[PDB]
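Student: Quick one: the structure is below, questions incoming.
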Amino acid sequence: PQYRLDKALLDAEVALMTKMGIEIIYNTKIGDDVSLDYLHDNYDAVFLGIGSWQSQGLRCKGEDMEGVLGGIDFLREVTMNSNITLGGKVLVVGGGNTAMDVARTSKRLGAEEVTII
Amino acid sequence: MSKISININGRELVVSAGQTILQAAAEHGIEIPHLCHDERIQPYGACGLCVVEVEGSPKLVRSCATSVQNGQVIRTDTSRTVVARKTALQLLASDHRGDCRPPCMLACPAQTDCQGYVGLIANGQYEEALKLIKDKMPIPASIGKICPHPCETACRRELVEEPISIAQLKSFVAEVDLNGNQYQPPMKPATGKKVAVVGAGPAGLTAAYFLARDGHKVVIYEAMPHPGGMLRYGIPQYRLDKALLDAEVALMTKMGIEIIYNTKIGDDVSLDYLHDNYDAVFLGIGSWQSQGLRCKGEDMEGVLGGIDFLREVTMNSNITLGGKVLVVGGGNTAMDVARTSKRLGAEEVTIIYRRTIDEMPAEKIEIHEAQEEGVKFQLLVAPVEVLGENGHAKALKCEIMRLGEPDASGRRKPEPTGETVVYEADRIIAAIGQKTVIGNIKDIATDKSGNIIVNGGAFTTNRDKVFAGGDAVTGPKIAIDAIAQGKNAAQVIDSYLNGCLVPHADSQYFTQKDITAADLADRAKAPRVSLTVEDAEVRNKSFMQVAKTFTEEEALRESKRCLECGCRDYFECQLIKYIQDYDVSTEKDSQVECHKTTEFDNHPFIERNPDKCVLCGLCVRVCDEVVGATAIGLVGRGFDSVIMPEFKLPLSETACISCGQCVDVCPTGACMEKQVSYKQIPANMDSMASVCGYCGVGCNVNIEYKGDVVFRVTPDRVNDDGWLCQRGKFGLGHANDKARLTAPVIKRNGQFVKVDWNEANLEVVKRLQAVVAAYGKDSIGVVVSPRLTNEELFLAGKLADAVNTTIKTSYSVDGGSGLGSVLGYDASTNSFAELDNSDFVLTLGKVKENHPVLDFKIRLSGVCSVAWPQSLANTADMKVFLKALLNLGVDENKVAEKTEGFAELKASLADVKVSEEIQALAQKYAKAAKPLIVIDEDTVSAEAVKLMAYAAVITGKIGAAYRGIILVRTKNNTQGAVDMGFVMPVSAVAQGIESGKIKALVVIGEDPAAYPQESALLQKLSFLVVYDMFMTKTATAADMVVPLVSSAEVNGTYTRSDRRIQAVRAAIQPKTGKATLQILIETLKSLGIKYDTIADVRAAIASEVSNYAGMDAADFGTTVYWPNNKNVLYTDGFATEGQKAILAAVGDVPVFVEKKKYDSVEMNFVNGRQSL
Amino acid sequence: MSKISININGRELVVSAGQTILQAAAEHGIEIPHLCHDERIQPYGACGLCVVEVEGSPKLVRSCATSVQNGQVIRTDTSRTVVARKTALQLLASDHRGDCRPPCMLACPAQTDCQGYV
Ligand SMILES: Cc1cc2nc3c(=O)[nH]c(=O)nc-3n(C[C@H](O)[C@H](O)[C@H](O)COP(=O)(O)OP(=O)(O)OC[C@H]3O[C@@H](n4cnc5c(N)ncnc54)[C@H](O)[C@@H]3O)c2cc1C
Ligand SMILES: NC(=O)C1=CN([C@@H]2O[C@H](COP(=O)(O)OP(=O)(O)OC[C@H]3O[C@@H](n4cnc5c(N)ncnc54)[C@H](OP(=O)(O)O)[C@@H]3O)[C@@H](O)[C@H]2O)C=CC1
Ligand SMILES: NC(=O)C1=CN([C@@H]2O[C@H](COP(=O)(O)OP(=O)(O)OC[C@H]3O[C@@H](n4cnc5c(N)ncnc54)[C@H](OP(=O)(O)O)[C@@H]3O)[C@@H](O)[C@H]2O)C=CC1
Ligand code: SF4
Ligand code: SF4
Ligand code: SF4
Ligand code: SF4
Ligand code: SF4
Ligand code: SF4
Ligand code: FES
Ligand code: FES
C-alpha cells in the first residue's frame, strides 16, 4: 500500500536504473502478446521473474458468488485508481500480510467496520 | 472602383473612397500630426495640426475632415504647414504646466530614469529595475557605489525631509542581479563593421558596450594588466571592491567584446595601424598625469605624485612612506591618498590646503570619514619650498594665506600675508590635480591644457575615422560624466557607420520651478534608511569595505518613499512628441499667464488635470456620443474654457460609469487612470493581447505589465472596436493581490497545513475513490465556474467521467437559458457583427447596466432601438404580444410545417385581448424587415426567452442573416460551459445533498457558501475540494484547497456569447507554480487518462465535442465560430430531433427575482469597489 | 464608408464597393465556378457557372456581373445553383474532344505519368 511504500521512491530508483542502459518495455505479456519462442530465438539468454500473481479462493460453498473478490485483485484495483465497490461492512479472510494490507486499505477507503476472520 | 489613387507628398498611393486623407496617409506610412482626431467619431477641427496643402484649394485643408477623391495632389511638409504647426505648438506650450521628467533624472549626467527603477524596486521587481538601469551604463554596481549623486541634490523629497537614496538602491539591484541570474541585453545582427576602442575605463567600456549592442565588432586596447581605468587604479579598495569590477567586465566580455591588455597605442601599436585595420576608432585614454607642486625643489627625491602613489598601492608594489607624510591638495585625490596612507602604517598624516574646509571640492562625507579615521587637516596654507639634505626631502616651507575676494566660480581667492611655517615630513605627496597626456600618439590636436580638441557634439578629432570622449576631452570629472560621453559617442559613431553623421543634441521637456516646501506640506515624513558604516577603530588598519549594501527590507522601505514627481503619461503623451519633433522651446515667460489650478478630485479611478489639457474635446465627445453618460462637459469661453463634471460636482456624485474611455482617448496627461500596481510609474510596459474575463461580450484587451506585475489594461483598437468598461479596464488588479494562495493546504486536526503538489494530488484522488467505493455511482458532484477556459472545462468533464458521476453543473449557468429545448442549440442565432445592419433592435433586460460595451456598439450603430417596457414584467403581457403578432397576419402554413405544437399555441391564445402599447410594439416589430432581439441573461427569466423564441419563430425572423435572437451570457465562458455539458440545474445538487445521495463535491472557482442556505447545505457533505485563488468562505469549509491562477497567467480559449472562439494569452508566468490545465492534467494522469500539452487536449476537444470540429487547426488569431465557421445558425433547419421548433405552453411567471453572483472574482471586484 | 458588409453562404464579410460578388467571395476564400470572367475587362455572361441566389431576387443572379451592396444575403451552394452548374457542365462535356491523360498512363494500374517522365 501507498502509506507504507511511496511510489515516488520506486519510480525514482527505476529511473536511476534505466539511466544505466536498461530498456523496459511495458504492457507486454509474454505468452499472451509476445511468444517465448520469439525471445528464445532473438536473445542470448532469458530470465523468468514472473512472480506469483494468483489469489487462492475461499475453498468453501458459494465461493463463486458475486460479492466475493480476491485480495490481490482488490489491491491492484486500489493501486490503479479504478472504480471499486466496498460497502459499509467488509470481512477479510486470512491472517498474513495480505490480510493486513487489505484490512487497513479498507479502513482508509471508507469502510465503517472491518473484521478479520 | 477603377482604383481610386491619390498623390501625396510626391508618392502615388491606391486608397479607398470615404476615407479621410489622415487615414489614407497613415495606412501608407506617412505621418501627419493630429491631436483632436478619432476615427470612430465625427471630426472636430480644434487643434489644426492636420493641415495639408491640396492643389486647387487656396487655403490649407484639414486632412482629418476631408475625404479622399481621385487624382488629388497633396503636400504635407511645405513651409506653410510647418509654420502653422509650429505656431500652434508654441501656443499650446504657452499654457502647459507639468514635469515631463523628474528632477532626479534631469540632474543625472547620463539621464538615467531614477523614478522608473526606484518605483520598480517599490513594486518588488528587481530584474526589471536592472534592465532599466542597464539601458544607460554597463557597470551599475560600481557607479552606484562611488557616485557623488547629483540626482539626490535635486530630489524633491528634500523639501519634506532628507531625500531618496538613489545610488544605494541602484547598487543593491545591480549586486542582487550579479549574484543571481546575470542579464544580457539583446543584440542586433552582425553588421560586418569593426570599431577599435583605446582604453578600458568607464568611457571606453561604455562605448564598447553600446557599440556591441548595435551589432558591431569591438576590440578594446588597454595599456594596463586589468580593465577598469581610474576605477581600478585610483579608487581605493575599501571604497570599491575590485571583485565587483572584474565580475562586471567578465559579464560584458561574455557578449563578444575582445579586450587586449598591455597594449599602449602609440608606444606599442601605432594609431595608423588601427586607422587602416578598423572601420572606426574611439579614444578614451583619460587624464593620467599628475600636476607637480609648482614650487622650488619639487624635483627632489622624496616627492611623488598622488596618481603614481595610488597606482603602486593598487599593483601591490614595493613602496616607501615613513612615519610622517604630508599630502598637498584638497580634492578627492588628496582624500584617497591620505586615507590610504593612514591604512599603510603612516603614524601621522596631515593635509596641506590653501583654503578652508567648507571651500574644499571634496565631498563632506569623505572629509568626515577621513577626520574620523585620523588624518589631520591644515588649512589656509600654501607650499613655497621643499627643504631637504643630501637630496632627500625632509620639510615643507609654506606661506600662510588669508581669505580674499570670490572668483568667477564663487570661491574666495587666498592671499598671503607675511608668515611662513615649516612642516616636518618623511614623505611629501602632491595630490594637486590631473592633466591629460596624449603621449606618443601623433596627428592628434590638443588644447593648451592637454585635452583633445573635438568638434562639439560630433566627437570628431582632426583625423578622419577617429573619435574621442571621456576625461581625455572634458578633463577630470566624475565617472558618470565619462559614461555619458561614452554612450553619446557610441550613438554618434553608430550613426556615422550607416553613412550619415548626426551630432548629439539635448531634448526639451516641460519643467516646473514653482514647487516649494509649502506645496508638499501634506506629505507624511519618513526617516531615511541610514548606511551601516564600520567602526573607525578597525577601518584604519584594513582595506575592508567601510559600508554595506542595502538589504531587501531596507531597499523596499527606502524606495516606497518616492513622491513620483514626473508625468506618468510621458511615454504615450502626444504633446511632447510634436513639441520635440518641431523643436518648440518649452521655456516660459513670466509676463504671460498660465492658469494654475487647486483641483481636488479624489476619484478612486480617474484623475483629471486641467493644467495639462489642450482642449481637444475628445473626452466630452466620447462620453456624450459613445458612452452616453454625459458626465463631463465644457464650462466657459475663450481662455476660461475648462472641462469639468456636471454642475462642477465631484465625478463620484454624477452619472459616471468609470469606464475609462475618456482616459483612453486623451492625447496628454490631463486624463489618467489610477494605479493598479502597488506604486505606479511612468514606464514602457510590455503588452500582451488577451480577452476580458468578466462578461459574455468578450472585449479584447492589451495587458500592460512589467515583469510579474500587471500595471494597466487598454482596449484593442486594431482587432476590435476598442471599447471597454469598468470591469475590463480596472478589473485585473486581483492578479497583484497579496492574499492569493500559493500552495495547496490539507485540513488535519482542524488546521490547514501546507503540502506538496504530489501529496495534494494523491489526497484528492484517493478521497474521491473512497467516496465512490463507499457510496457507489453518482455520489460526487462537479460544480465549476464559467470563467475557466474551454480546455479546463473539457478536462473537468473528463474528471467527472473518470470518477463515475453525471452531476456536472455550475451555479452561474444554472441549467441554461431554455432556448435549446425550442430551437436545438442553447446559443444566439446571430453574431454581434450583424448588429450594424439591422433596422430594429428590441432590447430585453438591462443590457446597458450589465454589458455596457454592447450598448456602446448599439448606440454607435445608429439603428432604431426600442427597450421592452418595465411595466410589462408579466409573462401574460408576452402572450398578448404573441397574440398581437398573430393578428397582424403571419403565414400559418410555413410555421405549421416547420414547428410542432403550433395548433395548441393558437388555441391557447383564443381569448387574449390586446392593449394599445402591446399593439404598438407588435406593429414596430412586425413592420421591420430585419429585426434583432438582444436578451440579457442576467435579468430575464427562461420563460421570457422562450416566448421571444416563439415570436421570432412564428413571425419568420429566425434562421437568416441580420434576423434572429442575440443572447448575451453572464460570464466569459458560459457558452463554453454549456457546450461541455455543465447544464445540470443546481436544484438537483441541493436535493441530492439533502437526500443523502451526493456525498462529495468538487468546487472549481465558485463560492456558494457566501449565502447561509448553501453554507448549511455544504455542512452536510462528507468531502469537499475547493479550487480557488482566495481563501474565501467556501474554501474555509473545505477539507482541501488547491490554488488557481488569474486570467493574466493562463493560455487557452474562451467562447463568446455569439459562439466566437478567442485566444487567451498569458501575460505573466504563474505565481503558484502550476496552471489550472497542468493541475487537471496531473490529476487525470493519476486517474489513468494521458494528455501531455494543450495541443493534445485541443485534438481531444475537436474529436469529442460535437460542434467544435476544427479546433485543432483553427488558428484563433482570426475569427472562428464553432458551427462550420458560420455566423448564422439554423440556415438549413433547426437542430432538434425532427428538425422542427418545439412550441409548448409556458405558465404564468411572476415578476423576476434578481440573480446572485457565485464566482469569487466577481464578488472580489464588488467588495473592492466599496474599499475606495 | 461605414464598412460595407455582405453575408455570403452563412458568413459575414467586409468588402469594398464596386467589386463584384465573384471577387469579394474569392478574396475571402469562397470558391464560385467561372469560365468567362476576367476581372480586367467587361462582363460577358456566356457560361453561366457563376450563378448565386440573392435574397430579394426571384431568379439566379450572375456574381460576375453584379456589384456588392450593403447587407445582401447570398447563397452559392443551393440545390438550384448546383443543378444549373451540373446541367451547364453536362452540355459542355457533350461537345468536347480530347485526351485529358494519355493511353499509356490510363493503362498503368498505378496511373504513373508515363508521358511526363518520357
Ligand atoms: C584618485 C581618483 C579618485 C576618483 N574618485 C572618484 C569617485 O569617488 N567618484 C567618481 O564618480 N569619480 C571619481 N574619479 C573620477 C573617475 O575615476 C574618472 O573621471 C573616470 O574614470 C574617467 O574615465 P575615462 O574613461 O575618461 O578614463 P580612465 O578610466 O581614467 O582611463 C581609461 C584607460 O585608458 C588607458 N590608456 C591611457 N592611455 C592609453 C594609451 N596611450 N593607449 C592605450 N590605453 C591607454 C588607461 O590604461 C586607462 O585604463 C576619481 C578619479 C581619480 C583619479
Ligand atoms: N510474501 C509474503 O509477504 C508473505 C505472505 N504472507 C501471507 O501468506 C499468503 C501467501 O503465502 P503463504 O503463507 O505461502 O500462503 P498460505 O497458503 O500459507 O496462507 C497464508 C494465510 O492464510 C491461512 N490459510 C491458508 N489456507 C486457508 C483456508 N482454506 N482457510 C483459511 N485460512 C487459510 C494461513 O493461516 P495458518 O497460519 O493457519 O497457516 C495464513 O493466514 C499471503 O497472501 C499472506 O496472507 C505472510 C507473510 C509473508
Ligand atoms: N575627477 C574627480 O574625481 C574630481 C577631482 N577632484 C580633485 O581635483 C583634481 C583634478 O581635478 P581639477 O579640480 O580640475 O584639478 P585642479 O587643478 O582644480 O586642482 C584641484 C585641487 O588642488 C588645488 N590646487 C590646484 N593647483 C594648485 C597649486 N599650485 N597649489 C595648491 N593647490 C592647488 C585645488 O584647490 P582650489 O579649491 O583652491 O581650486 C583643489 O584642491 C584631483 O586631483 C582632485 O584632487 C575633486 C573632485 C572631482
Ligand atoms: S549614476 Fe549617479 S547621478 Fe546618475 S542616477 Fe546614479 S547616483 Fe544619480
Ligand atoms: S521624489 Fe522620487 S521622482 Fe521626485 S526627485 Fe526624488 S526620486 Fe525623483
Ligand atoms: S502631459 Fe505630456 S507634455 Fe505635459 S507634462 Fe506630461 S508628458 Fe509632458
Ligand atoms: S482632458 Fe484630455 S481628452 Fe479631454 S480635452 Fe483635455 S486633452 Fe483632450
Ligand atoms: S469614465 Fe466614462 S462615464 Fe466617466 S467621465 Fe470618463 S468617459 Fe464619461
Ligand atoms: S462589457 Fe463585459 S467583456 Fe466587455 S469589458 Fe465590460 S465586463 Fe469585460
Ligand atoms: S483639426 Fe484635424 S486633427 Fe485636429
Ligand atoms: S463567369 Fe460566366 S456568366 Fe459569369
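In the C-alpha cells, each chain is lettered A, B, ... as it comes, each chain's residues begin at 1, and ligands are numbered from 1 in order of appearance.
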What are the closest atom pairs, with distances in Å to one decimal, for all residues of chain B lying within 12 Å of chain A? Consider only C-alpha atoms, order rows by chain and residue number, and present the result as a Markdown table.
Tutor:
```
| residue | atom | partner | partner_atom | distance |
| --- | --- | --- | --- | --- |
| B:758 | CA | A:8 | CA | 9.1 |
| B:759 | CA | A:6 | CA | 10.5 |
| B:762 | CA | A:2 | CA | 9.6 |
| B:763 | CA | A:2 | CA | 11.2 |
| B:764 | CA | A:81 | CA | 11.4 |
| B:765 | CA | A:81 | CA | 7.7 |
| B:766 | CA | A:81 | CA | 7.6 |
| B:767 | CA | A:109 | CA | 7.8 |
| B:768 | CA | A:109 | CA | 9.5 |
| B:769 | CA | A:83 | CA | 7.0 |
| B:770 | CA | A:109 | CA | 4.4 |
| B:771 | CA | A:110 | CA | 7.0 |
| B:772 | CA | A:83 | CA | 7.1 |
| B:773 | CA | A:85 | CA | 4.3 |
| B:774 | CA | A:87 | CA | 5.2 |
| B:775 | CA | A:87 | CA | 7.2 |
| B:776 | CA | A:85 | CA | 6.6 |
| B:777 | CA | A:83 | CA | 9.4 |
| B:801 | CA | A:83 | CA | 11.3 |
| B:802 | CA | A:83 | CA | 8.6 |
| B:803 | CA | A:83 | CA | 7.3 |
| B:804 | CA | A:83 | CA | 7.7 |
| B:805 | CA | A:83 | CA | 11.2 |
| B:999 | CA | A:110 | CA | 11.9 |
| B:1022 | CA | A:110 | CA | 10.6 |
| B:1023 | CA | A:110 | CA | 11.5 |
| B:1083 | CA | A:81 | CA | 10.9 |
| B:1084 | CA | A:81 | CA | 10.4 |
| B:1085 | CA | A:81 | CA | 10.3 |
| B:1086 | CA | A:81 | CA | 7.4 |
| B:1087 | CA | A:81 | CA | 5.7 |
| B:1088 | CA | A:81 | CA | 7.6 |
| B:1089 | CA | A:81 | CA | 11.0 |
```
Student: Those selected residues, please, written with C-alpha atoms and delivered as an mmCIF file, in the first residue's frame.
Tutor:
```
data_model
loop_
_atom_site.group_PDB
_atom_site.id
_atom_site.type_symbol
_atom_site.label_atom_id
_atom_site.label_comp_id
_atom_site.auth_asym_id
_atom_site.auth_seq_id
_atom_site.Cartn_x
_atom_site.Cartn_y
_atom_site.Cartn_z
ATOM 1 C CA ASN B 758 2.170 15.307 -5.298
ATOM 2 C CA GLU B 759 0.718 14.872 -1.803
ATOM 3 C CA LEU B 762 -2.720 11.769 -4.134
ATOM 4 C CA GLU B 763 -5.022 13.032 -1.377
ATOM 5 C CA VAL B 764 -7.762 14.296 -3.691
ATOM 6 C CA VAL B 765 -7.653 11.204 -5.936
ATOM 7 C CA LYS B 766 -7.759 8.776 -3.002
ATOM 8 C CA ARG B 767 -10.566 10.642 -1.227
ATOM 9 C CA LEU B 768 -12.732 10.667 -4.356
ATOM 10 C CA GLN B 769 -12.041 6.936 -4.707
ATOM 11 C CA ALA B 770 -13.105 6.415 -1.083
ATOM 12 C CA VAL B 771 -16.395 8.247 -1.681
ATOM 13 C CA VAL B 772 -17.096 6.174 -4.806
ATOM 14 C CA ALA B 773 -16.249 2.897 -3.047
ATOM 15 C CA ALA B 774 -18.456 3.628 -0.042
ATOM 16 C CA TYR B 775 -21.462 5.122 -1.843
ATOM 17 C CA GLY B 776 -21.345 3.987 -5.472
ATOM 18 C CA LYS B 777 -22.344 5.757 -8.662
ATOM 19 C CA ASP B 801 -16.386 10.901 -16.251
ATOM 20 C CA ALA B 802 -13.414 9.202 -14.570
ATOM 21 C CA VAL B 803 -14.920 9.216 -11.056
ATOM 22 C CA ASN B 804 -18.226 7.760 -12.366
ATOM 23 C CA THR B 805 -20.637 10.663 -11.996
ATOM 24 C CA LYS B 999 -21.647 12.834 -0.525
ATOM 25 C CA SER B 1022 -18.609 14.132 3.510
ATOM 26 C CA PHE B 1023 -15.782 15.622 1.426
ATOM 27 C CA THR B 1083 -4.852 14.549 -11.702
ATOM 28 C CA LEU B 1084 -6.152 12.856 -14.857
ATOM 29 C CA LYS B 1085 -2.781 11.178 -15.406
ATOM 30 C CA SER B 1086 -3.126 9.781 -11.890
ATOM 31 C CA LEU B 1087 -6.626 8.550 -12.762
ATOM 32 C CA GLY B 1088 -5.429 6.906 -15.995
ATOM 33 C CA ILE B 1089 -6.041 9.438 -18.806
#
```
Student: Which residues in region 103-298 of chain B does DSSP call strand (DSSP E or B)? List them as a list in words.
Tutor: residues 194, 195, 196, 197, 198, 217, 218, 219, 220, 221, 258, 259, 260, 265, 269, 280, 281, 282, 283, 289, 290 and 296 of chain B
Student: Among region 408-561 of chain B, which ones does DSSP place in alpha helix (DSSP H), written as a PDB file with C-alpha atoms, in the first residue's frame?
Tutor:
```pdb
ATOM      1  CA  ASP B 471      38.286  62.636 -19.407  1.00  0.00           C
ATOM      2  CA  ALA B 472      40.511  62.983 -22.477  1.00  0.00           C
ATOM      3  CA  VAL B 473      38.136  65.697 -23.741  1.00  0.00           C
ATOM      4  CA  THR B 474      36.344  67.218 -20.741  1.00  0.00           C
ATOM      5  CA  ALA B 479      32.715  58.856 -13.597  1.00  0.00           C
ATOM      6  CA  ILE B 480      29.113  59.177 -14.787  1.00  0.00           C
ATOM      7  CA  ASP B 481      30.226  62.120 -16.947  1.00  0.00           C
ATOM      8  CA  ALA B 482      32.684  59.765 -18.655  1.00  0.00           C
ATOM      9  CA  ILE B 483      29.953  57.134 -19.031  1.00  0.00           C
ATOM     10  CA  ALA B 484      27.570  59.687 -20.568  1.00  0.00           C
ATOM     11  CA  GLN B 485      30.227  60.866 -23.023  1.00  0.00           C
ATOM     12  CA  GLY B 486      30.980  57.260 -23.960  1.00  0.00           C
ATOM     13  CA  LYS B 487      27.329  56.455 -24.647  1.00  0.00           C
ATOM     14  CA  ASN B 488      26.775  59.631 -26.683  1.00  0.00           C
ATOM     15  CA  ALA B 489      29.902  58.930 -28.729  1.00  0.00           C
ATOM     16  CA  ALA B 490      28.731  55.344 -29.275  1.00  0.00           C
ATOM     17  CA  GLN B 491      25.462  56.674 -30.701  1.00  0.00           C
ATOM     18  CA  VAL B 492      27.296  59.163 -32.933  1.00  0.00           C
ATOM     19  CA  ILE B 493      29.739  56.505 -34.193  1.00  0.00           C
ATOM     20  CA  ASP B 494      26.861  54.120 -34.904  1.00  0.00           C
ATOM     21  CA  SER B 495      25.081  56.788 -36.954  1.00  0.00           C
ATOM     22  CA  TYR B 496      28.338  57.530 -38.800  1.00  0.00           C
ATOM     23  CA  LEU B 497      28.827  53.856 -39.695  1.00  0.00           C
ATOM     24  CA  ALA B 536      36.749  53.699  12.820  1.00  0.00           C
ATOM     25  CA  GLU B 537      38.885  51.536  15.128  1.00  0.00           C
ATOM     26  CA  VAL B 538      39.048  48.668  12.606  1.00  0.00           C
ATOM     27  CA  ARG B 539      38.882  50.844   9.479  1.00  0.00           C
ATOM     28  CA  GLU B 552      15.870  43.876   0.711  1.00  0.00           C
ATOM     29  CA  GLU B 553      13.829  45.254   3.623  1.00  0.00           C
ATOM     30  CA  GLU B 554      15.909  48.451   3.661  1.00  0.00           C
ATOM     31  CA  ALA B 555      15.634  48.786  -0.120  1.00  0.00           C
ATOM     32  CA  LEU B 556      11.848  48.369  -0.098  1.00  0.00           C
ATOM     33  CA  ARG B 557      11.491  50.817   2.801  1.00  0.00           C
ATOM     34  CA  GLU B 558      13.606  53.437   1.025  1.00  0.00           C
ATOM     35  CA  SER B 559      12.019  53.006  -2.408  1.00  0.00           C
TER      36      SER B 559
END
```
Student: Which residues are close to residue 402 (chain B), i.e. within 12 Å by only C-alpha atoms, leaving aside same-chain residues fewer than 2 positions away? Reply as an mmCIF file with C-alpha atoms, in the first residue's frame.
Tutor:
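This went into around.cif:
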```cif
data_model
loop_
_atom_site.group_PDB
_atom_site.id
_atom_site.type_symbol
_atom_site.label_atom_id
_atom_site.label_comp_id
_atom_site.auth_asym_id
_atom_site.auth_seq_id
_atom_site.Cartn_x
_atom_site.Cartn_y
_atom_site.Cartn_z
ATOM 1 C CA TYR B 353 45.333 73.060 1.737
ATOM 2 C CA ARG B 354 45.230 76.736 0.783
ATOM 3 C CA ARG B 355 41.553 77.309 1.663
ATOM 4 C CA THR B 356 39.022 76.346 4.342
ATOM 5 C CA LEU B 379 44.077 74.896 6.322
ATOM 6 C CA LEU B 380 44.822 78.217 4.597
ATOM 7 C CA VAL B 381 48.437 77.213 3.931
ATOM 8 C CA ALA B 382 50.205 77.235 0.560
ATOM 9 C CA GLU B 399 53.197 80.520 3.248
ATOM 10 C CA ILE B 400 50.197 81.369 5.430
ATOM 11 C CA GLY B 404 40.051 87.116 -0.025
ATOM 12 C CA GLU B 405 37.577 88.042 -2.733
ATOM 13 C CA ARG B 412 37.345 83.036 -2.256
ATOM 14 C CA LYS B 413 40.892 83.626 -3.506
ATOM 15 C CA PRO B 414 43.636 83.058 -0.899
ATOM 16 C CA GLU B 415 46.203 85.807 -0.332
ATOM 17 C CA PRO B 416 49.499 85.513 1.584
ATOM 18 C CA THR B 417 50.090 88.000 4.387
ATOM 19 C CA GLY B 418 53.544 87.728 5.958
ATOM 20 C CA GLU B 419 54.027 84.383 7.639
#
```
Student: Considering only C-alpha atoms, extract the chain C residues located within 12 Å of chain B and return them as number ranges by chain.
Tutor: C: 1-20, 39-41, 54-56, 67-75, 77-78
Student: Please return as JSON, numbers by chain the residues found within 6 Å of ligand 9, counting only C-alpha atoms and all ligand atoms.
Tutor: {"B": [692, 694, 695, 696, 697, 698, 699, 724, 725, 727, 728, 851, 852, 853]}
Student: Output the neighbourhood of ligand 5 as an mmCIF file with C-alpha atoms, in the first residue's frame, that is, all protein and nucleic acid residues with some atom at most 9 Å from the ligand, counting only C-alpha atoms and all ligand atoms.
Tutor:
```
data_model
loop_
_atom_site.group_PDB
_atom_site.id
_atom_site.type_symbol
_atom_site.label_atom_id
_atom_site.label_comp_id
_atom_site.auth_asym_id
_atom_site.auth_seq_id
_atom_site.Cartn_x
_atom_site.Cartn_y
_atom_site.Cartn_z
ATOM 1 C CA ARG B 101 10.783 64.109 -16.438
ATOM 2 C CA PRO B 102 11.518 64.229 -12.696
ATOM 3 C CA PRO B 103 14.214 66.485 -11.200
ATOM 4 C CA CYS B 104 16.293 63.473 -10.140
ATOM 5 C CA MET B 105 16.624 62.233 -13.714
ATOM 6 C CA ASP B 113 15.446 57.095 -15.239
ATOM 7 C CA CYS B 114 15.715 57.308 -11.446
ATOM 8 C CA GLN B 115 11.961 57.414 -10.862
ATOM 9 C CA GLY B 116 11.478 54.315 -13.004
ATOM 10 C CA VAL B 118 13.041 53.436 -7.764
ATOM 11 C CA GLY B 119 9.360 52.733 -8.401
ATOM 12 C CA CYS B 151 20.464 63.317 -8.561
ATOM 13 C CA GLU B 152 19.939 63.288 -4.792
ATOM 14 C CA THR B 153 20.696 67.014 -4.624
ATOM 15 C CA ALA B 154 17.752 67.779 -6.922
ATOM 16 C CA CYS B 155 15.369 65.289 -5.297
ATOM 17 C CA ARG B 156 12.088 66.903 -4.265
ATOM 18 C CA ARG B 157 11.861 64.715 -1.155
ATOM 19 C CA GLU B 158 14.438 67.185 0.182
ATOM 20 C CA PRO B 163 15.941 62.732 0.024
ATOM 21 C CA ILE B 164 15.757 59.262 -1.539
ATOM 22 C CA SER B 165 18.908 57.102 -1.521
ATOM 23 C CA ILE B 166 19.075 56.593 -5.270
ATOM 24 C CA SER B 559 12.019 53.006 -2.408
ATOM 25 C CA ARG B 561 9.229 56.900 -0.062
ATOM 26 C CA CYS B 562 9.354 58.442 -3.549
ATOM 27 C CA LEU B 563 6.999 61.306 -4.388
ATOM 28 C CA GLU B 564 6.535 60.373 -8.097
ATOM 29 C CA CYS B 565 7.363 63.801 -9.484
ATOM 30 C CA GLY B 566 7.368 63.011 -13.208
#
```
Student: Determine, for each residue of chain B having at least one atom at most 7 Å from an atom of ligand 8, the closest pair of atoms and their separation in Å to one decimal, counting only C-alpha atoms and all ligand atoms; order by chain and ascending number, as a tab-separated table.
Tutor:
```
residue	atom	partner	partner_atom_place_in_ligand_line	distance
B:606	CA	ligand 8	1 (S)	6.8
B:619	CA	ligand 8	7 (S)	6.3
B:622	CA	ligand 8	7 (S)	6.3
B:623	CA	ligand 8	7 (S)	4.2
B:627	CA	ligand 8	3 (S)	6.3
B:629	CA	ligand 8	3 (S)	5.3
B:630	CA	ligand 8	8 (Fe)	6.0
B:631	CA	ligand 8	5 (S)	5.0
B:632	CA	ligand 8	5 (S)	5.5
B:655	CA	ligand 8	3 (S)	6.8
B:656	CA	ligand 8	4 (Fe)	3.8
B:657	CA	ligand 8	3 (S)	4.3
B:658	CA	ligand 8	1 (S)	3.8
B:659	CA	ligand 8	2 (Fe)	4.3
B:660	CA	ligand 8	1 (S)	4.1
B:661	CA	ligand 8	7 (S)	4.6
B:662	CA	ligand 8	7 (S)	4.2
B:663	CA	ligand 8	6 (Fe)	6.7
```
Student: Find the residue from B:429, B:30, B:615, B:203 that sits nearest to ligand 7; use only C-alpha atoms and all ligand atoms when measuring.
Tutor: B:615
Student: In Å, rounded to a single decimal, give me how far CA of residue 139 (chain B) is from CA of residue 248 (chain B).
Tutor: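 CA of residue 139 (chain B) lies at a distance of 6.1 Å from CA of residue 248 (chain B).
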Student: Which residues come within 10 Å of region 967-971 of chain B, counting only C-alpha atoms, excluding same-chain residues fewer than 3 positions away, as a PyMOL selection string?
Tutor: chain B and resi 693-698+785-788+812-813+816-817+819+826-832+844+847+850-851+854+933-939+945+964+974-977+1056-1058+1157+1159+1162
Student: Taking only residues of chain B that have an atom at most 8 Å from an atom of ligand 10, what is each one's shortest atom pair and its distance in Å to one decimal, using only C-alpha atoms and all ligand atoms, in chain and number order, as CSV?
Tutor:
```
residue,atom,partner,partner_atom_place_in_ligand_line,distance
B:33,CA,ligand 10,3 (S),7.2
B:34,CA,ligand 10,3 (S),4.0
B:35,CA,ligand 10,3 (S),5.2
B:36,CA,ligand 10,4 (Fe),4.2
B:37,CA,ligand 10,3 (S),4.3
B:43,CA,ligand 10,2 (Fe),7.0
B:44,CA,ligand 10,1 (S),6.5
B:45,CA,ligand 10,1 (S),3.6
B:46,CA,ligand 10,1 (S),5.0
B:47,CA,ligand 10,4 (Fe),4.2
B:48,CA,ligand 10,1 (S),3.7
B:49,CA,ligand 10,4 (Fe),5.5
B:50,CA,ligand 10,2 (Fe),4.7
B:51,CA,ligand 10,2 (Fe),7.0
B:62,CA,ligand 10,2 (Fe),5.3
B:63,CA,ligand 10,2 (Fe),6.1
B:64,CA,ligand 10,2 (Fe),4.3
B:65,CA,ligand 10,2 (Fe),6.4
B:616,CA,ligand 10,4 (Fe),7.5
```
Student: Write out as a list in words each polymer residue (protein, DNA or RNA) that has an atom no more than 7 Å from ligand 4, with only C-alpha atoms and all ligand atoms counted.
Tutor: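 The residues within 7 Å of ligand 4, counting only C-alpha atoms and all ligand atoms, are residues 105, 107, 108, 109, 110, 111, 112, 114, 143, 144, 147, 148, 149, 150, 151, 152, 166, 167, 170 and 480 of chain B.
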